[PDB]
Amino acid sequence: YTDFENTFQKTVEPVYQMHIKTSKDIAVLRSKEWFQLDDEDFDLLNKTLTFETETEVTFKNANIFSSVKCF
Amino acid sequence: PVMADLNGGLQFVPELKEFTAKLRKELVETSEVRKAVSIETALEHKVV
Amino acid sequence: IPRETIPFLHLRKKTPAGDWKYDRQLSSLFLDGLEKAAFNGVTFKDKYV
């Protein structure tokens, strides 16, 4: 089968945990556009964050995705 | 005896040690953040 | 303590310039303690020296 326009994949990702220990970790997270706090002035230092993501993918071919959603 | 102050006004900077430790952190923090953010931006670009 | 007289015993305070100068308030604390010591005595109970 080579009909990649009809394919799609939804994955429930494993829950990822980050312990934010330093202000470097905070800066590295704020550098990511996808990281979107409700309150931008939220204090991340010494906090444990959990990311509960789902990935929706559509294929162009076997190896390359035509679209990626992670939310 | 002669006492020559060749100190370049340094004595008039109050709380000098703290002032030097703050300039050091402001520099090391900026260095380490830029290193980490550039390494992650390269790895993101690599993945995509 | 007269105005513009430095007591024979006094405390000094470090100025923002980093010089140690007579301080009337600290000196008043020290001298009042000495006066109380001289009338009432002072205890050192539970000091390890």
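Proteins get letters first, then strands, A, B, ... in listed order; numbering begins at 1 in each. The figures that follow rest on heavy atoms only: side chains count, while hydrogens, waters and symmetry mates do not.
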Test item: [X] side-chain N/O and [Y] main-chain N/O as donor-acceptor pair under 3.5 Å:
{"X": "A/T7", "Y": "A/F4", "result": "yes"}
{"X": "C/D23", "Y": "C/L26", "result": "yes"}
{"X": "B/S31", "Y": "B/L27", "result": "no"}
{"X": "C/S27", "Y": "C/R24", "result": "no"}

Considering all heavy atoms, the nearest [X]-[Y] contact:
{"X": "C/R12", "Y": "C/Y22", "answer": "CG-N, 3.9 Å"}
{"X": "A/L45", "Y": "A/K21", "answer": "CD1-O, 3.1 Å"}
{"X": "A/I20", "Y": "A/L44", "answer": "CB-O, 3.4 Å"}

Sole candidate of A/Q9, A/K69, A/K10 that passes side chain to side chain donor-acceptor pair (under 3.5 Å) when paired with A/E56:
A/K10

Nearest 0.5 Å please: distance from the CG atom of C/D32 over to the CD1 atom of C/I1.
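These two atoms lie 7.5 Å from each other.
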
Apply ring-ring contact (aromatic ring centres under 6.0 Å, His included) to the pair A/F65 and A/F59, showing each step before the final yes or no.
CA-CA 4 Å; A/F65 309 113; A/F59 301 76; 5.5 Å; yes

Does A/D25 form a side-chain contact (heavy atoms from CB on, under 4.5 Å) with A/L29? I'd like the steps, not just the answer.
CA-CA 6 Å; A/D25 301 343; A/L29 278 170; 5.7 Å; no

Would you say the side chain of A/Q17 lies within less than 4.5 Å of the side chain of A/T48, judging by non-hydrogen atoms?
yes

Regarding A/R30 and A/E40, does a basic nitrogen lie under 4.0 Å from an acidic carboxylate oxygen?
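Salt bridge present between A/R30 and A/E40.
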
